[PDB]
Amino acid sequence: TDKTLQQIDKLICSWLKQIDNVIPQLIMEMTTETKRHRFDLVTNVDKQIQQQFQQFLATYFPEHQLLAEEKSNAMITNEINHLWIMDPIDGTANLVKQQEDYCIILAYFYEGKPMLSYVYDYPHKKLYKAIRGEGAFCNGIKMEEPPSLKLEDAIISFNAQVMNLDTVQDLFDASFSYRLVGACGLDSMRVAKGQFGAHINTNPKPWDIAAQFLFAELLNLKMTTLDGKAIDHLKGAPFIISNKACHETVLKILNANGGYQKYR
Amino acid sequence: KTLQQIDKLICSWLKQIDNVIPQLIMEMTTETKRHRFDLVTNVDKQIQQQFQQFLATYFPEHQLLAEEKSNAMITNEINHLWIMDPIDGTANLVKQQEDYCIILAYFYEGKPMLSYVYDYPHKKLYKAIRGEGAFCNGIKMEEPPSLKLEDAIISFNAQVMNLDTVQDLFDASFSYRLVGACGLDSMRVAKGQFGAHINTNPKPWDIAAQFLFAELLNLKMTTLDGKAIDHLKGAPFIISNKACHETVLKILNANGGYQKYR
Ligand SMILES: [Mg+2]
Ligand SMILES: [Mg+2]
Ligand SMILES: [Mg+2]
Ligand SMILES: [Mg+2]
């Protein structure tokens with residue numbers, strides 16, 4: 001019967017907050033599998049959260065389609081009216097090794113435009129949300145655009161194991177310091193908060209970055225491919241989320257000297 | 001008995017500190033010490049002076065070795081010694097207002113007796129009490145499960161080591177993270193979240209609490225040559241799960257070592 005964004009937001013926040021009741025059990029009985037190789041992990045926590053959201057969607061928004069990490073998405077196209085992108089646990093490695101520093105990522109796109117976004121830092125019970133027209137919130141405290149941050153004054157975050165070492169060194173020298181949380185959504189939220197200058201992921205999936213688009217728009221962040229272009233939310237791309245004042249400097253470092261790949 | 005009596009007093013000082021810290025941050029002021037990356041705030045200075053007055057008041061004979069103070073004096077052989085990092089992770093305080101802590105450790109005749117790592121932004125107090133155990137907000141911490149390096153996340157500062165040995169560490173461990181406060185990176189080792197934390201040039205206050213936690217939870221805490229660390233002075237150091245300590249040290253010292261060669 002046609003809902004407002006706030007009615008949809010109310011349903012989602014409510015389903016997210018009631019996953020607090022479900023997760024301690026999943027964790028107590030955690031089981032791990034591998035996908036691409038031995039370190040590419042998936043657990044019963046990832047699988048249950050995803051399938052519960054599937055079931056939520058069947059039951060509230062049955063027209064709506066789901067693009068999500070732990071299933072095939074062959075059926076998802078260019079011309080989808082109502083689309084949810086989900087990472088049921090972003091930072092699975094941190095879930096398994098630490099039970100901390102992981103989140104649930106959700107993002108709703110209406111005829112391809114980001115309308116609702118969610119990053120649930122469950123270990124710390126901090127629900128980041130973005131709502132087109134209302135703004136961005138952490139547990140309902142409203143977020144505002146961070147202070148300008150030049151790279152020399154700012155902490156940066158990226159996976160240093162996946163890049164050419166010279167370019168890792170150049171990023172070290174040009175920033176104030178380096179930090180890594182190890183969940184794309186959480187390291188992104190440190191940028192949104194203004195705690196990090198920038199977060200780079202040179203090969204994310206759609207679900208690792210899906211919520212961040214609307215955060216970047218509402219809080220005046222740069223979120224681009226490492227070529228400085230728009231990212232297709234339906235497909236990967238190498239990406240940066242950054243404060244406005246250090247975006248260009250970071251991209252120029254990444255692309256210098258033949259670029260950031262190990263073989264250049 | 002006496003450790004619990006002193007412990008109750010530290011715990012309630014640290015409790016009152018929650019009420020002080022918002023005020024200090026309200027009027028936060030920042031300066032640099034050694035260079036542009038070496039920060040000190042009034043949060044650091046005031047937390048320190050207040051512990052100092054606490055000690056003046058209750059334990060006049062006890063000495064204090066603390067970051068924001070000259071520590072000429074101090075010797076050699078002192079009976080009651082406190083080592084204090086008033087804010088460990090000042091860079092995180094200033095840049096992030098998160099992932100910083102207070103480190104306090106009490107040595108009786110040179111032997112660790114009480115130790116505190118207060119993660120003030122999460123209001124989590126890790127404490128250790130000789131004869132009683134280690135605790136997080138009152139719940140007992142247990143020895144963590146064995147972690148071989150290849151199964152362990154490790155934490156260290158990659159910017160102060162040559163990049164060959166950084167790569168060797170990356171290739172040998174499960175993965176790499178950094179919290180960026182010695183106290184908190186160390187607690188993750190104590191909790192079994194990390195296999196090991198390295199700091200290649202810590203001050204005495206950056207690692208002072210950690211001795212007792214390592215002792216009581218069966219961690220290894222040594223110099224990077226595997227020797228005992230003198231708590232009165234820094235040394236390059238590692239705190240480690242007992243099952244990945246040798247492997248880390250071996251990598252760190254292999255191939256002519258971890259220092260920068262350019
Ligand atoms: Mg995964
Ligand atoms: Mg995931
Ligand atoms: Mg300092
Ligand atoms: Mg300090």
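To find a chain, count down the sequence lines: A is the first, B the second, and so on, and within it residues start at 1. Indexing begins at 1, ligand by ligand and atom by atom, following the structure's order.
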Discussion item. At less than 2.8 Å, would any N/O/S atom of B:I87, backbone or side chain, sit next to the Mg ion (ligand 4)?
Written reply: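 Yes, within the cut-off.
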Worksheet item: Within the stated cut-off of 2.8 Å, is an N/O/S atom of B:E67 closer than that to the Mg ion (ligand 4)?
Response: yes
Worksheet item: For the Mg ion (ligand 4), which N, O or S atom of B:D85 is at the shortest distance?
Response: OD1
Discussion item. Treating B:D185 as the side-chain partner and B:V179 as the backbone partner, does any N or O pair qualify as donor plus acceptor under 3.5 Å?
Written reply: yes
Worksheet item: Does any non-hydrogen side-chain atom of A:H233 lie less than 4.5 Å from one of A:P114?
Response: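 No - every pair of side-chain heavy atoms lies 4.5 Å or more apart.
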Practice prompt. Count the heavy atoms belonging to other residues, nucleotides or ligands that lie under 6.0 Å from CD of B:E27, then report whether that count exceeds 12.
Written response: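 Result for CD/B:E27: open.
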Practice prompt. Before giving the answer on salt bridge (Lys or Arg N to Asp or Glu O under 4.0 Å), spell out for B:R188 and A:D101 the whole-Å C-alpha distance, their side-chain angles and the decisive distance to 0.1 Å.
Written response: CA-CA 12 Å; B:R188 300 224 185 182; A:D101 293 341; 2.6 Å; yes
